[PDB]
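A.B. asks: One structure is given below, represented as structure tokens, and several questions about it will come after.
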Amino acid sequence: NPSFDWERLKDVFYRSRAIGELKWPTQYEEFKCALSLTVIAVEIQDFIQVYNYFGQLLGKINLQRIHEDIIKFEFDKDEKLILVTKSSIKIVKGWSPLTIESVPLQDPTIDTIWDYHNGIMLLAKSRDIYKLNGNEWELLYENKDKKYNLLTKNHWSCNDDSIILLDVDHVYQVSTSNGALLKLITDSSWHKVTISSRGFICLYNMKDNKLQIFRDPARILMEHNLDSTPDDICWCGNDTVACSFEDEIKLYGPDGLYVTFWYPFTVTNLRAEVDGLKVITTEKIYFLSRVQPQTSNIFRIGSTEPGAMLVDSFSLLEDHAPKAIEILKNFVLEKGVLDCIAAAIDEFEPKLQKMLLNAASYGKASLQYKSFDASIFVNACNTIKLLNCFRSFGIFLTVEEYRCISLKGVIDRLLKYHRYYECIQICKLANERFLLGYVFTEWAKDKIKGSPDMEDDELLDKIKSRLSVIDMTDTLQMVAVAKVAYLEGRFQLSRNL
Amino acid sequence: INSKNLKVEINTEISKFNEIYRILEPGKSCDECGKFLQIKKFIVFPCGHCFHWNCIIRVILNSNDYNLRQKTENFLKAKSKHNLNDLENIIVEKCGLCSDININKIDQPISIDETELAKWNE
Amino acid sequence: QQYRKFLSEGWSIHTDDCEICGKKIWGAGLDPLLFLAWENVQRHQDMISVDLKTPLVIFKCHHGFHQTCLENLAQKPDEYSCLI
């Protein structure tokens with residue numbers, strides 16, 4: 001029974017799943033590891049390696065010397081790995097056909113760079129805010145030589161809207177919509193600040209160790225005092241702050257409750273994705289999360305409501321059948337079947353899903369003739385298939401994360417890494433036609449812009465034989481393909497296309 | 001006594017279930033095939049499902065299940081239908097979409113790879 | 001087991017029409033009005049408004065009957081019984 005893993009803080013449980021085992025011999029993790037969305041970037045001496053969560057190699061970059069000694073590398077919302085240099089910012093587009101692009105300062109005369117976070121820069125002296133535009137900088141509030149006395153980078157953290165910057169005397173928030181300064185506190189000495197996606201705040205003190213989570217000023221949601229010193233204070237995603245102590249994670253909550261999450265080896269760099277707390281170890285990967293109420297009673301040891309007894313009815317079936325039949329006369333067959341259907345949607349092992357689905361199927365025959373819609377069962381059984389197929393090529397995601405970004409967001413991430421056959425197979429099983437030609441146009445553009453020592457007739461023959469498979473008319477515009485063919489020496493092929 | 005009571009209740013339920021179908025067809029109807037329900041046959045199941053007596057037999061042939069697939073293969077759908085009661089009993093057993101046919105397909109071991117990756121890839 | 005196995009199976013129709021107004025509902029030869037009515041729905045959902053508001057009733061006898069046709073015999077729509 002899966003109830004062994006669950007622990008219990010006040011009124012709720014926290015799951016601890018396990019997926020992905022990445023292998024590095026002794027210390028190939030080293031330091032300076034970038035991690036956003038199952039694209040891990042790690043260096044050792046002179047090479048940059050990018051891997052998935054399954055250990056397979058994906059690409060290699062930083063060969064030869066580009067000068068301007070690198071300080072940091074960060075990912076973003078579109079996985080376009082940004083590299084920050086001393087005098088400019090580099091962005092990488094193509095891995096094998098290298099297409100590194102650079103954006104310098106508007107006036108590289110006095111002061112170049114202090115640091116750079118999501119969509120925000122900071123220069124060394126005269127601390128001023130620059131918003132990252134498409135390929136240029138946008139000015140914001142200007143310092144009057146009275147802003148801050150900050151000593152290191154740990155005194156500021158960006159967010160989608162707020163750009164709260166920690167200080168030593170007064171925290172000064174800035175509205176990025178108009179770049180307007182605004183004082184937030186009058187007496188504090190916080191040294192570390194973390195922010196959530198929804199806008200929650202967390203403030204450390206590193207003296208009389210304590211935390212103070214904020215939703216609005218003058219209101220305190222929690223005064224949970226802390227002992228010793230943390231290392232990688234992080235977030236679980238609009239739920240609760242998280243702290244770790246080497247080989248331990250101490251999840252917290254109201255009234256100073258503690259949760260222990262002992263792990264075998266250690267805890268390396270940590271992320272705070274939406275509703276997730278993806279933990280990277282030196283050998284494996286974990287997906288610390290929280291239970292949900294609909295699935296919190298079927299598997300919970302000891303239950304009375306509809307559910308957790310329909311499963312009991314199915315398990316009892318095939319032996320003492322009269323008892324199983326007689327069980328279905330005490331609980332209404334409405335909530336139980338609904339929970340059973342919307343319980344296997346967010347499961348991981350492909351064994352509990354089968355049991356939940358067949359139990360839910362044995363929940364409709366005894367129900368009323370025409371009282372319950374049958375579309376929910378079909379929708380769930382169809383949405384399981386896409387996630388199961390996705391968890392085959394390397395990319396792993398949950399049902400909630402799949403709602404945040406459309407299927408095109410998933411298709412782009414795999415079209416980026418020169419895998420033009422995998423993508424075309426999701427579209428077939430997902431039963432879609434709108435996003436079909438978007439793969440073909442990218443593949444044709446890359447093929448045309450690839451091998452230059454080709455022949456026109458054979459290239460056209462291949463590019464038109466590959467079009468025979470696709471039978472669909474949407475976003476199949478080849479005018480761009482003809483233009484990019486015309487953009488270089490090949491003119492006859494461009495005319496013939 | 002409990003077994004006798006259960007048997008009596010089961011017999012009463014079975015007797016009541018006979019000739020009490022009272023299933024209804026909606027103004028215009030169709031499913032699975034897509035074209036139109038009222039063109040080939042009326043293989044209808046509970047919980048509002050419709051089949052053409054042909055799409056369903058196509059599904060079982062394409063289904064990953066082995067024993068059921070070969071069991072229907074004795075008639076080959078062409079050898080001899082006899083009284084057609086055997087085919088009627090074999091075909092009408094599952095809902096088509098709400099049964100084990102689609103439940104046992106959520107793992108997808110099928111991955112068509114025939115070295116064609118060298119063509120439509122890389 | 002026998003009772004459980006007899007609550008999910010469906011049923012087909014062997015006859016071609018009802019036995020009180022002739023016509024046909026299964027074999028080729030439907031009235032074109034029904035085909036046009038199906039075209040009105042599931043294509044643009046403009047307006048389904050026509051005298052063809054009779055839902056077919058399927059029975060264990062497989063004969064099949066309409067609803068208004070059976071309503072003509074002063075039969076309440078709660079005791080539908082086949083005429084054998």
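We label chains A, B, ... in the order they appear in the structure tokens, count residues from 1 in each chain, and number ligands from 1 in the order shown.
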Only residues of chain A matter here; which ones have an atom within 12 Å of chain C, counting only C-alpha atoms? Give them as a PyMOL selection string.
C.D. replies: chain A and resi 317-322+324-325+361-367+369
A.B. asks: Restricting the output to N, CA, C and O atoms, write the selected residues as an mmCIF file, in the first residue's frame.
C.D. replies:
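Listing of result.cif after writing:
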```
data_model
loop_
_atom_site.group_PDB
_atom_site.id
_atom_site.type_symbol
_atom_site.label_atom_id
_atom_site.label_comp_id
_atom_site.auth_asym_id
_atom_site.auth_seq_id
_atom_site.Cartn_x
_atom_site.Cartn_y
_atom_site.Cartn_z
ATOM 1 N N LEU A 317 -14.007 -8.709 -5.674
ATOM 2 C CA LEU A 317 -14.606 -9.415 -6.798
ATOM 3 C C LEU A 317 -13.746 -10.614 -7.200
ATOM 4 O O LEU A 317 -12.552 -10.686 -6.896
ATOM 5 N N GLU A 318 -14.385 -11.569 -7.881
ATOM 6 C CA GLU A 318 -13.885 -12.869 -8.316
ATOM 7 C C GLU A 318 -13.884 -13.879 -7.165
ATOM 8 O O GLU A 318 -13.669 -15.068 -7.407
ATOM 9 N N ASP A 319 -14.168 -13.462 -5.933
ATOM 10 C CA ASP A 319 -14.284 -14.381 -4.811
ATOM 11 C C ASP A 319 -15.297 -13.811 -3.829
ATOM 12 O O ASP A 319 -15.228 -12.631 -3.479
ATOM 13 N N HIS A 320 -16.226 -14.655 -3.381
ATOM 14 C CA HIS A 320 -17.360 -14.206 -2.570
ATOM 15 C C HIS A 320 -18.121 -13.087 -3.277
ATOM 16 O O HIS A 320 -18.335 -12.004 -2.728
ATOM 17 N N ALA A 321 -18.521 -13.355 -4.519
ATOM 18 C CA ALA A 321 -19.234 -12.364 -5.322
ATOM 19 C C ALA A 321 -20.485 -11.792 -4.659
ATOM 20 O O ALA A 321 -20.723 -10.582 -4.813
ATOM 21 N N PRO A 322 -21.329 -12.571 -3.964
ATOM 22 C CA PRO A 322 -22.491 -11.950 -3.302
ATOM 23 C C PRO A 322 -22.122 -10.829 -2.346
ATOM 24 O O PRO A 322 -22.844 -9.828 -2.272
ATOM 25 N N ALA A 324 -19.514 -8.776 -2.619
ATOM 26 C CA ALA A 324 -19.156 -7.625 -3.440
ATOM 27 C C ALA A 324 -20.397 -6.951 -4.007
ATOM 28 O O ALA A 324 -20.479 -5.719 -4.066
ATOM 29 N N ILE A 325 -21.374 -7.750 -4.442
ATOM 30 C CA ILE A 325 -22.620 -7.183 -4.951
ATOM 31 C C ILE A 325 -23.359 -6.438 -3.844
ATOM 32 O O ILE A 325 -23.875 -5.334 -4.054
ATOM 33 N N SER A 361 -14.525 1.601 -14.109
ATOM 34 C CA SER A 361 -15.394 0.949 -15.082
ATOM 35 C C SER A 361 -16.425 0.071 -14.387
ATOM 36 O O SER A 361 -17.592 0.028 -14.796
ATOM 37 N N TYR A 362 -16.014 -0.637 -13.336
ATOM 38 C CA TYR A 362 -16.966 -1.373 -12.510
ATOM 39 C C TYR A 362 -17.571 -0.408 -11.492
ATOM 40 O O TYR A 362 -17.574 -0.668 -10.284
ATOM 41 N N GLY A 363 -18.060 0.729 -11.976
ATOM 42 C CA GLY A 363 -18.747 1.692 -11.139
ATOM 43 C C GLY A 363 -19.882 2.357 -11.887
ATOM 44 O O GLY A 363 -20.560 3.242 -11.355
ATOM 45 N N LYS A 364 -20.092 1.933 -13.132
ATOM 46 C CA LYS A 364 -21.079 2.537 -14.015
ATOM 47 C C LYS A 364 -22.236 1.614 -14.361
ATOM 48 O O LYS A 364 -23.333 2.102 -14.640
ATOM 49 N N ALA A 365 -22.015 0.298 -14.360
ATOM 50 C CA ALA A 365 -23.080 -0.636 -14.713
ATOM 51 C C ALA A 365 -24.212 -0.597 -13.692
ATOM 52 O O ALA A 365 -25.393 -0.627 -14.055
ATOM 53 N N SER A 366 -23.867 -0.533 -12.405
ATOM 54 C CA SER A 366 -24.885 -0.516 -11.360
ATOM 55 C C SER A 366 -25.565 0.841 -11.231
ATOM 56 O O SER A 366 -26.590 0.942 -10.550
ATOM 57 N N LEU A 367 -25.021 1.878 -11.862
ATOM 58 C CA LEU A 367 -25.591 3.210 -11.756
ATOM 59 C C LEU A 367 -26.877 3.309 -12.581
ATOM 60 O O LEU A 367 -27.275 2.374 -13.283
ATOM 61 N N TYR A 369 -29.643 4.407 -15.429
ATOM 62 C CA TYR A 369 -29.567 4.293 -16.883
ATOM 63 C C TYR A 369 -28.998 5.559 -17.513
ATOM 64 O O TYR A 369 -27.948 5.526 -18.165
#
```
A.B. asks: Near chain A, which residues of chain B fall within 7 Å when you count only C-alpha atoms, and what do they look like as a list in words?
C.D. replies: residues 47, 98, 99, 103, 106, 107, 117, 120, 121 and 122 of chain B
A.B. asks: Counting only C-alpha atoms, which residues from chain C have an atom at most 9 Å from any atom of chain B, and could you show them as a VMD selection string?
C.D. replies: chain C and resid 3 5 to 14 25 to 28 30 34 to 35 37 to 38 41 52 to 61 80 to 82
A.B. asks: Quick one: of B:6, B:57, B:84, B:1, who's nearest to residue 96 (chain B), counting only C-alpha atoms?
C.D. replies: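 Looking at the shortest contact to residue 96 (chain B), the residue is B:57.
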A.B. asks: Select from region 157-294 of chain A everything DSSP, run on the backbone, classes as strand (DSSP E), then give the selection as a ChimeraX atom specification.
C.D. replies: /A:172-175,180-183,192-195,201-204,234-235,241-244,249-251,259-260,279-280,285-286
A.B. asks: Work out how far CA of residue 13 (chain A) is from CA of residue 297 (chain A), in Å to one decimal.
C.D. replies: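 Rounded to one decimal, the two atoms are 11.1 Å apart.
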A.B. asks: Just asking: which residues within chain C are alpha helix (DSSP H) according to DSSP, as a PyMOL selection string?
C.D. replies: chain C and resi 2-5+32-40+68-71
A.B. asks: I want to know what sits within 6 Å of region 132-145 of chain A, based on only C-alpha atoms, with residues of the same chain fewer than 4 positions away left out; could you give that as an NGL selection string?
C.D. replies: :A and (119-120 or 128 or 179)
A.B. asks: Write a file of the selected residues as a PDB file, in the first residue's frame, keeping N, CA, C and O atoms.
C.D. replies:
```pdb
ATOM      1  N   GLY A 119      14.983  38.816 -17.022  1.00  0.00           N
ATOM      2  CA  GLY A 119      14.510  40.062 -17.599  1.00  0.00           C
ATOM      3  C   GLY A 119      15.002  41.320 -16.923  1.00  0.00           C
ATOM      4  O   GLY A 119      14.473  42.400 -17.196  1.00  0.00           O
ATOM      5  N   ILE A 120      16.002  41.224 -16.048  1.00  0.00           N
ATOM      6  CA  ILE A 120      16.473  42.374 -15.280  1.00  0.00           C
ATOM      7  C   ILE A 120      17.992  42.330 -15.200  1.00  0.00           C
ATOM      8  O   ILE A 120      18.574  41.266 -14.970  1.00  0.00           O
ATOM      9  N   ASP A 128      21.351  50.696 -11.076  1.00  0.00           N
ATOM     10  CA  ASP A 128      20.186  51.095 -11.850  1.00  0.00           C
ATOM     11  C   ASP A 128      19.590  49.867 -12.521  1.00  0.00           C
ATOM     12  O   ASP A 128      20.286  48.890 -12.809  1.00  0.00           O
ATOM     13  N   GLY A 179       8.014  51.326 -13.164  1.00  0.00           N
ATOM     14  CA  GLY A 179       9.322  51.539 -12.579  1.00  0.00           C
ATOM     15  C   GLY A 179       9.296  52.530 -11.433  1.00  0.00           C
ATOM     16  O   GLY A 179      10.121  53.446 -11.379  1.00  0.00           O
TER      17      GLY A 179
END
```
A.B. asks: How many Å lie between CA of residue 457 (chain A) and CA of residue 435 (chain A), rounded to one decimal?
C.D. replies: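 Interatomic distance here is 28.9 Å.
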A.B. asks: Between CA of residue 491 (chain A) and CA of residue 477 (chain A), what distance in Å does the model show, to one decimal?
C.D. replies: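 Separation between CA of residue 491 (chain A) and CA of residue 477 (chain A): 18.7 Å.
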